[PDB]
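A lone chain, given as structure tokens: the form deposited in one PDB entry.
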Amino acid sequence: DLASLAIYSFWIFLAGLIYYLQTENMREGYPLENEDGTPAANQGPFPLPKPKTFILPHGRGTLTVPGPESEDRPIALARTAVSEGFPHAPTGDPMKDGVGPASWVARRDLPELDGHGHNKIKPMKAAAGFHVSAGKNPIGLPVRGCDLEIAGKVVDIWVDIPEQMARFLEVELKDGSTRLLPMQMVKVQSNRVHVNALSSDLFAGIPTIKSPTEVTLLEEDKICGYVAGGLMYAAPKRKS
């Protein structure tokens, strides 16, 4: 009967759809590798899909995936066991070396652009006439780390222009230089901004940006990685 035919057909369709979805989801990170970076013997039952190409706006070229995968950065970890499946120990300072939860990806060293080809994220002082429109304005507040010491003072908010949102706080340190802190990693209070992720002595080590009025995707990844890494790696200097 027609209903039996429909349901039988549907299950065949569904199996095909899952195969499509799973292979689409193999456009990044595959082929799977051994811990030494060579191709793994067992790739599983799904093959890689035929490549697709994204045309990027503003002359930025294209992305074709799947494509050759490479980290494009040194990774300062080493094996802790003689067989596969165990953790890899940082060989240096994992916050400085950008591994574990301090990891960053070698994204393009250019800023994300809006639909008009301008820098998506700008310090609020350079964004006409962006302003704080609700909530406690954090500009001017002292910035406290998880050791409960003051690490600096907020001197601006970096804003996403097309999306009208706060993305970073720019914090001036004791030496007069500044660093960016992800808005998602700070708590704005009445009298301070508190940063649980970092003790005050780690603020200097936040990766710096090369130009003082823009931030590239690479730099954002280094900064966001470093700050989040502090939850694990500054745990000793934190602090009931």
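The term rigid core refers to the maximal set of C-alpha atoms that superpose within 1.5 Å between the two forms. A residue's number is simply how far along the shown sequence it sits, counting from 1.
There is another form of the same protein, the form deposited in another entry; it is not shown, and what comes next is about it.
Superposing the two forms on their core leaves just one of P182, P31, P49, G205 with a Cα displacement of at least 2 Å between this form and the one not shown, namely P31. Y20 shows a C-alpha shift of 2 Å or greater between this form and the one not shown [criterion: core-superposed Cα displacement of 2 Å]. Relative to the superposed core, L173 undergoes a Cα shift smaller than 2 Å between this form and the one not shown.
Relative to the superposed core, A40 undergoes a Cα shift of 2 Å or more between this form and the one not shown. Relative to what is shown, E28 and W104 are farther apart in the other form; their C-alpha atoms differ in spacing by at least 3 Å.
Put simply, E35 and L48 come closer in the other form: their C-alpha atoms are 3 Å or more nearer than in the form shown.
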